[PDB]
Amino acid sequence: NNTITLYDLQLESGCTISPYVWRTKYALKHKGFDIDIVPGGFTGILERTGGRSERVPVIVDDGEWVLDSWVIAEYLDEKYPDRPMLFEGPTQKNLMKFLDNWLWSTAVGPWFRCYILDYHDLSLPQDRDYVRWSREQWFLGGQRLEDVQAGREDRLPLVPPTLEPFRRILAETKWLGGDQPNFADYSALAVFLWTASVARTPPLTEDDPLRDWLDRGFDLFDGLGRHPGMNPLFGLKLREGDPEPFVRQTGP
Amino acid sequence: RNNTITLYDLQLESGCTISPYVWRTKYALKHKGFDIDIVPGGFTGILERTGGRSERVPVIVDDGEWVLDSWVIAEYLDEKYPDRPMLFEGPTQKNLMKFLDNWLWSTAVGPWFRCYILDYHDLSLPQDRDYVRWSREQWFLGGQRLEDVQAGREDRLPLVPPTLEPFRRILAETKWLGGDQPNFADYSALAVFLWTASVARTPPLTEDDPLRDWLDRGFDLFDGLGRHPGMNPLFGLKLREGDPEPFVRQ
Ligand SMILES: N[C@@H](CCC(=O)N[C@@H](CS)C(=O)NCC(=O)O)C(=O)O
Ligand SMILES: N[C@@H](CCC(=O)N[C@@H](CS)C(=O)NCC(=O)O)C(=O)O
């Protein structure tokens, strides 16, 4: 106290990649905790923990271990109601997962195949082999990463328009949590925080309306999403035949 | 004023509510524990039935407070009656609700609107048919005549259920969208299906659709609020050899 251990999933730059670990970091600062970060990558997770977990994030409040970012979030609300609440209620949880799933299908799905080689290259040296064969065979490929990430210049322009349903919401609220952010924002923001960690070329345009909520979210808690290894999410340059990245409209 | 709140309805010929905005208002009102003085009527004459106060329903009249727009009504009920069960649990629900509702209207209402627009028309009040005809043809282009839009729904309807899977995924891990008890999130989502049921003269879903559990319990809420004599079964869609699989069975 006032510290909680956090088993991180970091790239070679020490920059967090896992959105599950991202929203946990955010969930902890939201609660006003200090984070004792345990650095580590994809490989050797089970050994870093006391043989307690094959996945991260994992927190160790005092001595109590807590696995799974969602459980951890629910745990922080459980044991610390005095601190700023992560969940607004049961209805947020259900509606969150709907938005979360939608962001994973719409943003993570494409961007994953657009940054999988960068994802691999930016990883710690000890992870590169593991990340190589597992990702390109299970999720999958079926062939190698260089072949999947190839042609991303053509794929990336098609993602921004599909995000419009999410732009529609943020156009009428500062945060998903209302006037202040909560786990809804951090859960959704994790998507872009992960993207920013592996995007060696920006997936969004400069003037994307998402940027307001994004820059604000990344700036939260003394720039929690402003790690040195974080790449810019904005800077995508489109062609004549590309779709409009977002609805340019105003506004009664 | 006893326990009664007046509600200007949008009814079909059978007296069954069609508008999803009115549906979620009914549910929101019953959820608050209010009795509803239903002012019947249809698409035509809304200005006349109201005090020239609105051209659109739902509209409630609490004591003397006229409240317009289903969303504003729900918030008004939460604002004025915090002692009665809440409709929203806070700002976060509202924002994520809008996202879900938007997805439901893009995924369910849109396709089903085209597939049931002639039934929609045929089921409306006789003094509304031509208006609904003239209105929906010049506006929701859709387009050609109502017949041409609904034409070939037998090919279009089987394509909708699979796209509803992202919604089933949530309901497979919760009793209601609002936890153990439903709220406006449930009612708002249910309204899409309440609207469909009021006009669907052929079932859009299969008998075994995982949504059925949440839907039936939802339609049954508040003394069968969604079980008006005019409703049609949402379930009974007969799939053919070529039709896709309507839902994940895992
Ligand atoms: N149950 C975890 C999911 C953990 C997880 O899937 N982590 C990924 C990062 S995206 C990972 O570590 N993959 C490699 C591994 O399993 O070791 C949560 O939701 O918090
Ligand atoms: N502002 C209302 C929407 C009202 C509305 O769009 N009503 C439709 C029913 S789908 C209607 O009556 N359309 C024909 C008309 O305006 O008379 C709300 O969101 O609650």
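Here is how names work: the chains are called A, B, and so on, in the same order as the sequence lines, proteins then strands, and each is numbered from 1. Excluded from the calculations below are hydrogen atoms, water molecules and symmetry mates; all remaining heavy atoms, backbone and side chain alike, are included.
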**Student:** My understanding is that only residues two or more places apart in sequence, or in another chain, count here; which of them pass side chain to side chain donor-acceptor pair (under 3.5 Å) with B:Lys80?
**Tutor:** B:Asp62, B:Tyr76

**Student:** Please name all residues satisfying ring pair (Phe, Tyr, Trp, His ring centres under 6.0 Å) with A:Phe246, sequence neighbours left out, ordered by chain then number.
**Tutor:** none

**Student:** Please, which pairs that meet salt bridge (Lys or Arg N to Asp or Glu O under 4.0 Å) have at least one residue in residues 190-210 of chain B, sequence neighbours excluded?
**Tutor:** B:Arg168-B:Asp209, B:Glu207-B:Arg212

**Student:** Test of understanding: with ring pair (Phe, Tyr, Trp, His ring centres under 6.0 Å), list the residues that count as partners of B:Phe43, not counting sequence neighbours.
**Tutor:** B:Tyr120

**Student:** Is the A:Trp213 ring parallel, tilted or perpendicular to the A:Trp175 ring (thresholds 30°, 60°)?
**Tutor:** perpendicular

**Student:** With B:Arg153, which residues qualify under side chain to side chain donor-acceptor pair (under 3.5 Å), at least two apart?
**Tutor:** B:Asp119

**Student:** Please answer whether the main-chain N or O of A:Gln92 pairs with a side-chain N or O of B:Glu89 as donor and acceptor at a distance below 3.5 Å.
**Tutor:** yes

**Student:** So that I know where these two stand, are A:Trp70 and A:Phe87 an aromatic pair - ring centroids less than 6.0 Å apart?
**Tutor:** yes

**Student:** How are the rings of A:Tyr26 and A:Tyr186 set to each other: parallel, tilted or perpendicular (split at 30° and 60°)?
**Tutor:** tilted

**Student:** Under the 3.5 angstrom rule, does the side chain of B:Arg24 hit a backbone N or O of B:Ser188 as a donor-acceptor pair?
**Tutor:** no

**Student:** How about B:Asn3: does its CG atom have over 12 heavy atoms from other parts shown lying under 6.0 Å from it?
**Tutor:** yes

**Student:** Are the side chain of A:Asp77 and the backbone N or O of A:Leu86 linked by a donor-acceptor pair below 3.5 Å?
**Tutor:** yes

**Student:** Which atom pairs, one a donor and one an acceptor, fall under 3.5 Å between side chains of residues 104-111 of chain B and the rest of the protein, sequence neighbours left out?
**Tutor:**
residue, atom, partner, partner atom, Å
B:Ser106, OG, B:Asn102, O, 2.8
B:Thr107, OG1, B:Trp103, O, 2.7

**Student:** Looking at the rings of B:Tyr8 and B:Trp66, which for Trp means the six-membered one, are their centres under 6.0 Å apart?
**Tutor:** yes

